[PDB]
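**Student:** got a structure for you, letters missing:
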DNA sequence: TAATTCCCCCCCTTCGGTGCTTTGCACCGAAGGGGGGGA
Ligand SMILES: Nc1ncnc2c1ncn2[C@H]1C[C@H](O)[C@@H](COP(=O)(O)OP(=O)(O)OP(=O)(O)O)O1
Ligand SMILES: [Mg+2]
Ligand SMILES: [Mg+2]
């Protein structure tokens, strides 16, 4: 529906292309020949000064390749929520990206959707294409098919006004409160309805509290480890004094010396435990500000993450345990954790988060495409300094 | 002749008119050659005479053409380049002979007058006007404009590359069993056919090229081995680089050092063991590129070793997709590494080195990971796959490093090879306090105005020592206090600090640094037997 | 003098950004300079 126009003052994407492997190159060439043959893309020349990267991914249990375009710089330069999806037994995601390849794109705008395919050993200069139809990945592409979308799943929606469906990018999140053998049947009926006309469990999500250590005997080192935690926790939870636990930390003593706890200190410790078992009060979601997601590595295939909009005001805290590449591959686990966090964030709030990845840049850019299996790409930045003692979470 | 290929439409940036730069006085020997070349081009129709209806002008000049008695005519189009719209380049790298495969027949071809065979957009021809000044003095000057792609313009190479690809595609469609490498106008053709049937295919390719207005003169048509291609000499079963000549002088300037370092870097792709760090350190702090630089003793040794390395004939081999890629890494010390990529023992596909220093503080494991990543990326461009690594690090060392590191890191399929020196970590910090050792509560503060500070400590037994400092910042007194604790203690020691900066530096287990204080602390940490570091809020 | 353009690599230097609290010190990342190679 004639997308038209970029953001005022912006120019367009000018991102270079990263090298690929032989299998990805072969798959991309095979896909692009067929795509050009059907009029979806057209060859262009060097007079177009815009470019975006592309690559390929093999979807799980399908034994076929899919082509992905990094349309992240185009989205930020382009001009122009169901709060019941989190409370749902079973939620399924379906691919509806193949629908966009029938609506043509505006003649004025298709110059911005340019990409280049490299060659092995630089035997030939790269081949360039541009899109003639709506592409998969752009933020303005689903916002055009939306008016036509409001009418496709209506013969399935008004029949049962209990199922909640919400669309992000090329993905359809559908949720009900049916049994795992009947929700699947309803999803199959939806699949059939889609075919003729042209498994998540959100209720098992919980926050991760902050736990103070429990012990019978406390050394000077143990008390020092605790006061350093209470001082940091006082930022999130105003009202913690931690002024009697530091009174028995006066003077120079051996780190392994046992200090008996004063009853006043015991009362203070119990009260501070009590003020740590309750949720933080005074945190709300601002729809205008952006989300930030921090990830910390805990070892033995364990990771922790925090989602917040303002510092010390956490919207969500969680922990991820490994299942693939067990204590053998770290980039694989980090990629899976990033995908899981992004999926969780789209179901709530609605905006994808910006990640503070605890990795070096070069290794991530080298190996992240070998395990990615989603169709969206969140924006991310890399941290370099050690975060902290990292035992807060 | 001129190709019948379509022209690429180009335009100027909004608000810009066009160059009007006058021509600088040219020398007579250059003027005569320019006049002759222009007369021939006008006879062939590559340039057009222009009159008083064109207000634009741009200076022209000429240079010599490699190993020939001919001239190359160039135009200084810097202003037009400034006002010309932006392009996207399509050349993304250079082919490498190690990525080639063994073929039974090979031919190398070159196109004569490459740029002058591609037309230029008609509406853009008025901005390319130039004038050829008269010999000494006579006429005001003959003014021309370009009908084809000029040499010196920012858009010519991409246009020519795209046009050449467009021309070549139909022939490659009908002959999928013939390998063609194209770089600008240079063509390498390889086939598994007999020589008699290879010559006929080459003649058909030449006729196809001629039908599009591109000529391939017999002077630059190579038919017998060895073949000169992209700076390499290709033989039926091996390849090598064209001869590399190193300057041999007694007085060295900064420019000579720069050129020698560049030549050694170029030669390090097939000759194993090239080191340039000792020569490269001399470039720091120097300003003028004509200043005599006295060679040190660590640089003369490097030069003598590299000179001996290049005295032996060294060749590579071609790629065999039916076998495995093996990359073996060795350490040379002082943050330098070498690597060899091969498929069969003692037959290198290629060699290389890595000597980048990233970060203020590092150890041997991080540099090894960086080298592995660089080799992985390079092997994907040339061969499209990742090789098997032979690393001089024990599996237990890597296992105990990557599990306790706060970042995420990985190394592809690799196995340990026992070749000294090995990679290892030189000290480890205790996870629990040591029972029966001093505590050493240290502290250090400084004043930001007078830039003065102090760094002291105190222990549980009762020992104290205070040392005033000068010309130090706030985050240096903490390191000095930690060093004081490490110095005035025994072999096993607990340490309690108030600073996260020093603790974060120390916990990464560095062994080299750009700071002398950190280098002192590293040696004091290696010296001790059991160390525990603890942090406490102020 | 002496004059040009595009691409790949290496090595050294400046300045901007960030962000921890230390409001400017310390660390990192891009762009620019020099050199090599190709056309
Ligand atoms: N120094 C240079 N400046 C600008 N363009 C150049 C330069 N060297 C080469 N090129 C470009 C323009 C040439 O037409 C093209 C091919 O180079 P080359 O084959 O050496 O010359 P050529 O094809 O013009 O003449 P020849 O008849 O000798 O082959 O590369
Ligand atoms: Mg040539
Ligand atoms: Mg030529």
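**Tutor:** Here it is on my side, so go on. Numbering: from 1, shown residues only, chains lettered A, B, ... in the order given. Ligands and ions are numbered 1, 2, ... in the order given.

**Student:** hey, let's count contacts and neighbours off CA atoms from now on
**Tutor:** Noted.

**Student:** can you list the domains in the chain?
**Tutor:** Just going to use chain A. A:220-274, A:292-382 (automatic domain parsing).

**Student:** The chain in question should be chain B.
**Tutor:** Domains of chain B are assigned by CATH domains of a matching chain as B:1-90+B:116-156, B:91-115+B:157-225, B:226-319, B:320-426, B:427-538.

**Student:** Can you add distance to DNA strand C and give the ones you listed back as a markdown table?
**Tutor:** Formatted as a markdown table, these follow (distance: least, CA to the nearest atom of the strand, whole Å):
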| stretch | distance to DNA strand C |
| --- | --- |
| domain B:1-90+B:116-156 | 3 |
| domain B:91-115+B:157-225 | 4 |
| domain B:226-319 | 3 |
| domain B:320-426 | 4 |
| domain B:427-538 | 5 |
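
**Student:** where exactly do the helices run in the chain?
**Tutor:** Chain wasn't specified; assuming chain A. Secondary structure of chain A, counting by DSSP state H: helices at A:22-37, A:72-76, A:142-149, A:154-157, A:183-196, A:220-236, A:263-274, A:330-347, A:361-367.

**Student:** um, chain B though
**Tutor:** Applying DSSP H to chain B gives helices spanning B:28-44, B:78-83, B:156-174, B:195-211, B:254-267, B:277-280, B:297-309, B:364-383, B:395-404, B:474-487, B:500-506, B:516-527.

**Student:** Next, the buried residues of the third one.
**Tutor:** When you say that, I think you mean helix B:156-174. If you call a residue buried by 16 or more other CA atoms under 10 Å in any protein chain shown, then helix B:156-174 has these buried ones: B:156, B:157, B:158, B:159, B:160, B:161, B:162, B:163, B:164, B:165, B:167, B:168.

**Student:** Make sure the first one is actually in contact with residue B:162.
**Tutor:** No: Residue B:156 lies out of contact with residue B:162 (CA atoms under 8 Å); the separation is 10.1 Å.

**Student:** Counting neighbours, what do you get for the residue in the stretch 51-200 of chain A that ligand 1 sits nearest to?
**Tutor:** Closest contact between the stretch 51-200 of chain A and ligand 1, by CA to the nearest ligand atom, is at residue A:125 (15.0 Å). Residue A:125 is flanked by 25 other residues according to other CA atoms under 10 Å in any protein chain shown.

**Student:** If we ignore the residues flanking it in sequence, what's nearest it?
**Tutor:** Leaving aside its chain neighbours, residue A:125 sits nearest to residue B:91 (5.1 Å; criterion: CA to CA, 6 or more residues apart in numbering or on different chains).

**Student:** again with residue A:23
**Tutor:** Closest residue to residue A:23 apart from its sequence neighbours, by CA to CA, 6+ apart: residue B:384 at 8.0 Å.

**Student:** Number of residues surrounding the one you found?
**Tutor:** Neighbours of residue B:384 using other CA under 10 Å come to 22.

**Student:** what's the neighbour count on residue A:246?
**Tutor:** Neighbours of residue A:246 under the rule other CA under 10 Å: 14.

**Student:** cool, and residue A:261?
**Tutor:** The burial count for residue A:261: 17, using other CA under 10 Å.

**Student:** what residues are up against it?
**Tutor:** By CA atoms under 8 Å, 6 or more residues apart in numbering or on different chains, the contact set of residue A:261 is residue A:218.

**Student:** how near is residue B:525 to residue B:492?
**Tutor:** From residue B:525 over to residue B:492 the distance is 11 Å, taken as CA to CA, to the nearest Å.

**Student:** gap between the closest residue to ligand 1 within the stretch 201-350 of chain A and residue A:317?
**Tutor:** Relative to ligand 1, the nearest point of the stretch 201-350 of chain A is residue A:331 (43.7 Å; CA to the nearest ligand atom). As judged by CA to CA, residue A:331 and residue A:317 stand 21 Å apart.

**Student:** residues near residue 391, how many?
**Tutor:** Reading this off chain A. Using other CA under 10 Å, residue A:391 is surrounded by 10 other residues.

**Student:** The intended chain is chain B.
**Tutor:** Neighbourhood size, residue B:391 [other CA under 10 Å]: 23.

**Student:** Bridged to it, which residues?
**Tutor:** Per DSSP bridges, the residues bridged to residue B:391 are residue B:416.

**Student:** again, but for residue B:132
**Tutor:** For residue B:132, the beta-bridge partners are residue B:142 (DSSP bridges).

**Student:** so what's it up against?
**Tutor:** Residue B:132 neighbours (CA under 8 Å, 6+ apart): B:31, B:34, B:35, B:60, B:141, B:142, B:143.

**Student:** One more pass at 10 Å, please.
**Tutor:** Contacts for residue B:132 (CA atoms under 10 Å, 6 or more residues apart in numbering or on different chains) come out as B:23, B:25-26, B:31-32, B:34-35, B:38, B:59-61, B:140-144.

**Student:** Show me which of these is closest to ligand 1.
**Tutor:** Once CA to the nearest ligand atom is applied, the member of the contacts of residue B:132 that ends up nearest ligand 1 is residue B:61, at 11.6 Å.

**Student:** From ligand 1, how far off is the residue in the stretch 301-450 of chain B positioned nearest to ligand 3?
**Tutor:** For the stretch 301-450 of chain B, the residue closest to ligand 3 is residue B:382, as judged by CA to the ion, at 25.5 Å. Between residue B:382 and ligand 1 the computed distance is 24 Å (CA to the nearest ligand atom, to the nearest Å).

**Student:** which residue sits closest to residue 295 in space, ignoring its chain neighbours?
**Tutor:** You didn't pick a chain, so chain A it is. In this structure, residue A:295 finds its nearest non-sequential neighbour in residue A:305, 4.4 Å apart by CA to CA, 6+ apart.

**Student:** Chain B was what I was after
**Tutor:** Closest to residue B:295 by CA to CA, 6+ apart is residue B:252, at 7.6 Å.

**Student:** Tell me, how many residues neighbour that neighbour?
**Tutor:** Neighbours of residue B:252 using other CA under 10 Å come to 16.

**Student:** pretty sure it is in contact with residue B:291, am I right?
**Tutor:** Yes: assessed by CA atoms under 10 Å, residue B:252 is found in contact with residue B:291 at 8.2 Å.

**Student:** what about residue A:212, distance to residue A:274?
**Tutor:** Distance from residue A:212 to residue A:274, by CA to CA: 10 Å.

**Student:** swap that for residue A:39, sorry
**Tutor:** Per CA to CA, residue A:39 is found 66 Å from residue A:274.

**Student:** Pull the number of nearby residues for residue A:273.
**Tutor:** In terms of burial, residue A:273 registers 15 neighbours under the definition other CA under 10 Å.

**Student:** that older thread, dump the residue contacts of the residue nearest to residue B:295.
**Tutor:** Going by CA under 10 Å, 6+ apart, the list of residues near residue B:252 reads B:290, B:291, B:292, B:293, B:294, B:295.

**Student:** do that again at 8 Å, thanks
**Tutor:** B:292, B:293, B:294, B:295.

**Student:** wouldn't the first one be in contact with residue B:250 here?
**Tutor:** No: using CA under 8 Å, residue B:292 makes no contact with residue B:250, being 10.4 Å away.

**Student:** the more surrounded of these two?
**Tutor:** More crowded of residue B:292 and residue B:250, by other CA under 10 Å: residue B:292, with 13 against 7.

**Student:** Mind listing the residues bridging to the more buried one?
**Tutor:** Listed by DSSP bridges, the beta-bridge partners for residue B:292 are residue B:253.

**Student:** can you pull the contacts of it?
**Tutor:** Applying CA under 8 Å, 6+ apart to residue B:292 gives the contacts B:251, B:252, B:253, B:254.

**Student:** could you redo the last one with a cut-off of 10 Å?
**Tutor:** B:251, B:252, B:253, B:254, B:255, B:256.

**Student:** Please apply the same query to residue B:134.
**Tutor:** Residues in contact with residue B:134, defined by CA under 10 Å, 6+ apart, are B:25, B:26, B:28, B:31, B:32, B:35, B:140, B:141, B:142.
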